[PDB]
>>> print(open('start39.json').read())   # JSON, C-alpha atoms and all ligand atoms
[["chain", "number", "residue", "atom", "x", "y", "z"],
["A", 1, "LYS", "CA", 21.71, -124.96, 100.11],
["A", 2, "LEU", "CA", 18.72, -122.88, 101.74],
["A", 3, "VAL", "CA", 20.35, -119.52, 102.74],
["A", 4, "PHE", "CA", 17.96, -119.28, 105.71],
["A", 5, "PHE", "CA", 21.11, -118.88, 107.82],
["A", 6, "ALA", "CA", 19.62, -117.12, 110.87],
["B", 1, "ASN", "CA", 24.19, -126.99, 110.35],
["B", 2, "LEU", "CA", 23.52, -124.95, 107.23],
["B", 3, "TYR", "CA", 27.09, -123.82, 106.86],
["B", 4, "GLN", "CA", 28.24, -127.47, 106.96],
["B", 5, "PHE", "CA", 25.62, -128.51, 104.38],
["B", 6, "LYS", "CA", 26.84, -125.67, 102.13],
["B", 7, "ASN", "CA", 30.37, -127.05, 102.51],
["B", 8, "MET", "CA", 29.21, -130.57, 101.59],
["B", 9, "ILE", "CA", 27.65, -129.09, 98.42],
["B", 10, "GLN", "CA", 30.85, -127.14, 97.57],
["B", 11, "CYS", "CA", 32.79, -130.37, 98.02],
["B", 12, "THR", "CA", 30.50, -132.67, 95.94],
["B", 13, "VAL", "CA", 29.60, -130.19, 93.19],
["B", 14, "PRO", "CA", 32.71, -127.99, 92.78],
["B", 15, "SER", "CA", 31.84, -127.07, 89.16],
["B", 16, "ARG", "CA", 28.86, -124.88, 90.29],
["B", 17, "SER", "CA", 28.30, -121.96, 92.81],
["B", 18, "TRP", "CA", 26.66, -123.42, 95.93],
["B", 19, "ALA", "CA", 24.02, -120.69, 95.41],
["B", 20, "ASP", "CA", 22.68, -122.65, 92.42],
["B", 21, "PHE", "CA", 21.21, -125.13, 94.92],
["B", 22, "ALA", "CA", 19.87, -122.50, 97.35],
["B", 23, "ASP", "CA", 16.72, -121.68, 95.36],
["B", 24, "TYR", "CA", 15.66, -124.43, 92.96],
["B", 25, "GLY", "CA", 12.34, -126.16, 92.32],
["B", 26, "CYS", "CA", 9.76, -126.56, 95.06],
["B", 27, "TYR", "CA", 12.14, -127.99, 97.68],
["B", 28, "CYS", "CA", 15.73, -126.87, 97.28],
["B", 29, "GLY", "CA", 15.64, -123.93, 99.38],
["B", 30, "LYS", "CA", 12.97, -122.04, 101.31],
["B", 31, "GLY", "CA", 10.18, -124.10, 99.77],
["B", 32, "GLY", "CA", 8.96, -127.39, 101.20],
["B", 33, "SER", "CA", 5.73, -128.32, 99.51],
["B", 34, "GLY", "CA", 4.18, -129.39, 96.19],
["B", 35, "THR", "CA", 5.19, -131.81, 93.46],
["B", 36, "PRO", "CA", 8.97, -131.90, 93.00],
["B", 37, "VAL", "CA", 9.66, -130.54, 89.52],
["B", 38, "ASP", "CA", 12.51, -132.91, 88.57],
["B", 39, "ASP", "CA", 15.27, -135.24, 89.84],
["B", 40, "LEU", "CA", 17.27, -132.51, 91.61],
["B", 41, "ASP", "CA", 14.11, -131.23, 93.31],
["B", 42, "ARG", "CA", 13.40, -134.81, 94.46],
["B", 43, "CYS", "CA", 16.87, -134.85, 96.12],
["B", 44, "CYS", "CA", 15.73, -131.76, 98.00],
["B", 45, "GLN", "CA", 12.29, -133.19, 98.88],
["B", 46, "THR", "CA", 13.88, -136.26, 100.48],
["B", 47, "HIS", "CA", 16.26, -133.94, 102.35],
["B", 48, "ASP", "CA", 13.38, -131.75, 103.60],
["B", 49, "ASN", "CA", 11.48, -134.82, 104.83],
["B", 50, "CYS", "CA", 14.68, -136.11, 106.46],
["B", 51, "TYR", "CA", 15.03, -132.85, 108.42],
["B", 52, "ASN", "CA", 11.37, -132.99, 109.52],
["B", 53, "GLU", "CA", 11.97, -136.48, 110.91],
["B", 54, "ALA", "CA", 15.21, -135.45, 112.66],
["B", 55, "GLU", "CA", 13.31, -132.53, 114.24],
["B", 56, "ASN", "CA", 11.22, -135.04, 116.20],
["B", 57, "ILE", "CA", 14.30, -135.72, 118.37],
["B", 58, "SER", "CA", 14.17, -133.43, 121.45],
["B", 59, "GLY", "CA", 16.66, -130.58, 121.10],
["B", 60, "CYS", "CA", 17.47, -131.43, 117.47],
["B", 61, "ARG", "CA", 17.52, -128.38, 115.17],
["B", 62, "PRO", "CA", 18.82, -129.44, 111.73],
["B", 63, "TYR", "CA", 19.65, -125.93, 110.41],
["B", 64, "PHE", "CA", 21.70, -125.22, 113.57],
["B", 65, "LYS", "CA", 23.10, -128.51, 114.87],
["B", 66, "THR", "CA", 26.87, -128.65, 114.42],
["B", 67, "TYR", "CA", 27.85, -132.23, 113.55],
["B", 68, "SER", "CA", 31.19, -133.97, 112.91],
["B", 69, "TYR", "CA", 32.07, -134.86, 109.31],
["B", 70, "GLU", "CA", 34.89, -134.99, 106.77],
["B", 71, "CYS", "CA", 34.95, -134.32, 103.02],
["B", 72, "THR", "CA", 38.24, -135.54, 101.54],
["B", 73, "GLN", "CA", 39.40, -137.23, 98.35],
["B", 74, "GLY", "CA", 35.89, -137.40, 96.91],
["B", 75, "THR", "CA", 34.11, -138.95, 100.03],
["B", 76, "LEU", "CA", 31.73, -137.75, 102.75],
["B", 77, "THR", "CA", 32.00, -139.45, 106.15],
["B", 78, "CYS", "CA", 29.78, -138.65, 109.11],
["B", 79, "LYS", "CA", 32.08, -139.35, 112.08],
["B", 80, "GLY", "CA", 31.66, -141.61, 115.11],
["B", 81, "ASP", "CA", 31.60, -138.78, 117.68],
["B", 82, "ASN", "CA", 28.09, -137.71, 116.56],
["B", 83, "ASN", "CA", 25.10, -138.08, 118.87],
["B", 84, "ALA", "CA", 21.75, -139.28, 117.46],
["B", 85, "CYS", "CA", 20.68, -135.81, 116.32],
["B", 86, "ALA", "CA", 24.08, -135.06, 114.78],
["B", 87, "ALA", "CA", 24.25, -138.46, 113.06],
["B", 88, "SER", "CA", 20.74, -138.11, 111.59],
["B", 89, "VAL", "CA", 21.23, -134.54, 110.35],
["B", 90, "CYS", "CA", 24.71, -135.32, 108.96],
["B", 91, "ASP", "CA", 23.30, -138.29, 107.07],
["B", 92, "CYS", "CA", 20.45, -136.18, 105.62],
["B", 93, "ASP", "CA", 23.01, -133.67, 104.43],
["B", 94, "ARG", "CA", 25.36, -136.40, 103.16],
["B", 95, "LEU", "CA", 23.00, -138.26, 100.80],
["B", 96, "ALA", "CA", 21.53, -134.95, 99.58],
["B", 97, "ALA", "CA", 24.96, -133.67, 98.56],
["B", 98, "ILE", "CA", 25.69, -136.99, 96.84],
["B", 99, "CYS", "CA", 22.26, -136.86, 95.15],
["B", 100, "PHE", "CA", 22.97, -133.33, 93.83],
["B", 101, "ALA", "CA", 26.17, -134.55, 92.11],
["B", 102, "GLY", "CA", 24.21, -137.04, 89.97],
["B", 103, "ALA", "CA", 21.22, -134.80, 89.24],
["B", 104, "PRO", "CA", 20.70, -132.83, 86.02],
["B", 105, "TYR", "CA", 20.44, -129.08, 86.53],
["B", 106, "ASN", "CA", 17.67, -127.32, 84.57],
["B", 107, "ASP", "CA", 18.16, -123.54, 84.49],
["B", 108, "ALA", "CA", 14.38, -123.13, 84.09],
["B", 109, "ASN", "CA", 13.86, -124.58, 87.55],
["B", 110, "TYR", "CA", 16.02, -121.99, 89.32],
["B", 111, "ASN", "CA", 14.11, -119.42, 91.43],
["B", 112, "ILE", "CA", 10.56, -120.61, 90.64],
["B", 113, "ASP", "CA", 7.34, -119.08, 91.98],
["B", 114, "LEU", "CA", 6.59, -121.24, 95.03],
["B", 115, "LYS", "CA", 3.18, -119.72, 95.76],
["B", 116, "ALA", "CA", 1.94, -120.49, 92.24],
["B", 117, "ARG", "CA", 3.71, -123.74, 91.44],
["B", 118, "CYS", "CA", 4.22, -125.61, 94.72],
["B", 119, "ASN", "CA", 0.71, -126.06, 96.17],
["A", 201, "CA", "CA", 13.27, -127.08, 101.60]]
>>> encode(input="start39.json", output="structure tokens")
Amino acid sequence: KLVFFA
Amino acid sequence: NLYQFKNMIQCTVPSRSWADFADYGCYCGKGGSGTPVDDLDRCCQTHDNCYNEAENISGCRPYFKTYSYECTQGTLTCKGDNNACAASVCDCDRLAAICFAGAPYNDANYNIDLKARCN
């Protein structure tokens, strides 16, 4: 999910 | 952490690209407000709320906290070596991944306009 990795 | 959650999703929903869950409805993904659009979005709303609660623990950063878990033979198990933050975040991620497996997927709800539809 979310791909707000960094 | 996010990478681990992605792996839970790959493990519980192997028929679909994990990316399918990365931008869906008002809550699966970047978004975290509004009326959830359907069952899958409700899985993501509960997950979002779960993270917000876990964040109240000092030093607990749900996107970044590396926890201890296994996914084998169809079953997620948050392990006993987890501290309170790890256990909470792992459990959020666990029941979300399980929720996704039982949720219908509506192609219309992929990549929706959060600003317009999630107030
Ligand atoms: Ca979210």
>>> atom_distance(input="start39.json", atom1="CA of residue 74 in chain B", atom2="CA of residue 11 in chain B")
7.8 Å
>>> interface_residues(input="start39.json", of="chain A", to="chain B", cutoff="7 Å", atoms="all atoms listed in the file", output="ChimeraX atom specification")
/A:1-3,5
>>> closest_residue(input="start39.json", among="B:80, B:50, B:15, B:38", to="ligand CA 201 (chain A)", atoms="only C-alpha atoms and all ligand atoms")
B:50
>>> atom_distance(input="start39.json", atom1="CA of residue 25 in chain B", atom2="CA of residue 112 in chain B")
6.1 Å
>>> residues_around(input="start39.json", residues="residue 39 in chain B", least_positions_apart="4", cutoff="10 Å", atoms="all atoms listed in the file", output="MDAnalysis selection string")
chainID B and resid 25 43:45 99:100 102:106
>>> write_last_selection(input="start39.json", atoms="C-alpha atoms", output="short mmCIF file (atom, residue, chain, number, x, y, z; two decimals), in the frame of the given file")
data_model
loop_
_atom_site.label_atom_id
_atom_site.label_comp_id
_atom_site.auth_asym_id
_atom_site.auth_seq_id
_atom_site.Cartn_x
_atom_site.Cartn_y
_atom_site.Cartn_z
CA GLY B 25 12.34 -126.16 92.32
CA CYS B 43 16.87 -134.85 96.12
CA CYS B 44 15.73 -131.76 98.00
CA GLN B 45 12.29 -133.19 98.88
CA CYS B 99 22.26 -136.86 95.15
CA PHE B 100 22.97 -133.33 93.83
CA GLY B 102 24.21 -137.04 89.97
CA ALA B 103 21.22 -134.80 89.24
CA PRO B 104 20.70 -132.83 86.02
CA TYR B 105 20.44 -129.08 86.53
CA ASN B 106 17.67 -127.32 84.57
#
>>> atom_distance(input="start39.json", atom1="CA of residue 51 in chain B", atom2="CA of residue 67 in chain B")
13.8 Å
>>> closest_residue(input="start39.json", among="B:111, B:12, B:49, B:17", to="ligand CA 201 (chain A)", atoms="only C-alpha atoms and all ligand atoms")
B:49
>>> closest_residue(input="start39.json", among="B:109, B:56, B:46, B:35", to="ligand CA 201 (chain A)", atoms="only C-alpha atoms and all ligand atoms")
B:46
>>> residues_near_point(input="start39.json", point="(34.3, -140.6, 98.4)", cutoff="12 Å", atoms="all atoms listed in the file", output="ChimeraX atom specification")
/B:8,11-12,70-78,94-95,97-98,101
